[PDB]
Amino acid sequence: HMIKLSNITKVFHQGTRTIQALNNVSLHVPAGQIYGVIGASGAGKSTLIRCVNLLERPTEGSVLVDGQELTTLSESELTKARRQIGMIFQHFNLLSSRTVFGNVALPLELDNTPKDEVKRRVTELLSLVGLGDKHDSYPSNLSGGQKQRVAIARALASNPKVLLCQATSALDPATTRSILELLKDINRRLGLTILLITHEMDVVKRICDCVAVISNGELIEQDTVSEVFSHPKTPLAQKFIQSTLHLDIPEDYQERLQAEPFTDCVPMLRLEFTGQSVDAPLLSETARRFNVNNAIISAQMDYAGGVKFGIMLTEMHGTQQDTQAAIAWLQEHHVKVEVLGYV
């Protein structure tokens, strides 16, 4: 296990009042694993990730990185260890005095690496983040995404064993995908360990191997991406996950929705798949069996660990009796169905 946090607790005394930003939190990350942190705003996520770097000294708790305990460590040993860990701040903390190239080169300089090596490696990194042409411009001249990519490259400069990332919040979907592909490549090539904060579940179920959830400075639950996004436990956690689902009900249907069934009505229904068999054909089968017609209005469906989960908003077309029979059958097969009205 490349990372181990045990019984971490951190209090802050803002002023009049004191806050338990973190309260007895423990989390372990193997080598070459990818691990996400998620939770409502102000829950402690940034606090925790800083506890790893030891940018926040836990008032009570134990921190271990690469088998080395840090709480009890000299400033010099701590510095040397930190030269193994890359961090990406929410706001990139770049040097204005140095261009893109300089910011990226800095960690290499810290290791007094040869000048030619610095040139080569920094150029490679800039090419990878697509900032090849921007090497000699200053952070004061860069768009948000550009500076974020600068910060990423700097994090990776020294080829650290650990990365502490919302490292993709200022990047368009395409650039986002490029960057995440790169991280995945590094993880599977050089066994890089990564811990990352995000509010974009998209990212989470894109690359996270395991996931962790936080509420009021407490680690509610950790599990695989699927198990968390699929039948989560802990009413707090499952409440959060429900929040992450798309319960849209477009205004068009809201207007036309009738709590009461009328003749020739078409039921409108929300479906939730929680660890359902991907191979199992349920809606095609339903159409063939009951001769109902399921017009997919909206869909969030994701696949992980051989199962498919997520919500699906649809119209059930046919006869009220056929519709109710199809609903019954789908419920038999562990599809959580809720009828919202009749259009």
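Heads up: residue numbers just count along the shown sequence, starting at 1.
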| message | For the step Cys165 to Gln166, what size class fits the number of deposited residues with no coordinates, none, 1 to 3, 4 to 9, or 10 or more? | response | 1 to 3
| request: Would you tell me which stretch averages the higher CA B-factor in the PDB entry, 36 to 44 or 58 to 66? | output: 58 to 66
| Selected stretch [higher average CA B-factor]: 185 to 193 or 198 to 206 | 185 to 193
| Which of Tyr253, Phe240, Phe92, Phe101 ranks first by CA B-factor in the deposited coordinates | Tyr253
| said: For the CA B factor values reported in this entry, which option in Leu73, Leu110, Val213, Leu128 has the top one? | reply: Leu73
| said: Using the temperature factors of the C-alpha atoms in this entry, rank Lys147 within its chain: lowest, middle or highest third. | reply: lowest
| query | Thinking about Cα B factors across the chain, which third does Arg288 belong to? | reply | highest
| request: Would you please rank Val266 by its C-alpha temperature factor against the other modelled residues of its chain and give the third it falls in: lowest, middle or highest? | output: highest
| query | Going by the entry, which third of its chain does the Cα temperature factor of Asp223 land in? | reply | lowest
| task | Divide the modelled residues of the chain into thirds by Cα B-factor and specify which third, lowest, middle or highest, holds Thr176. | result | lowest
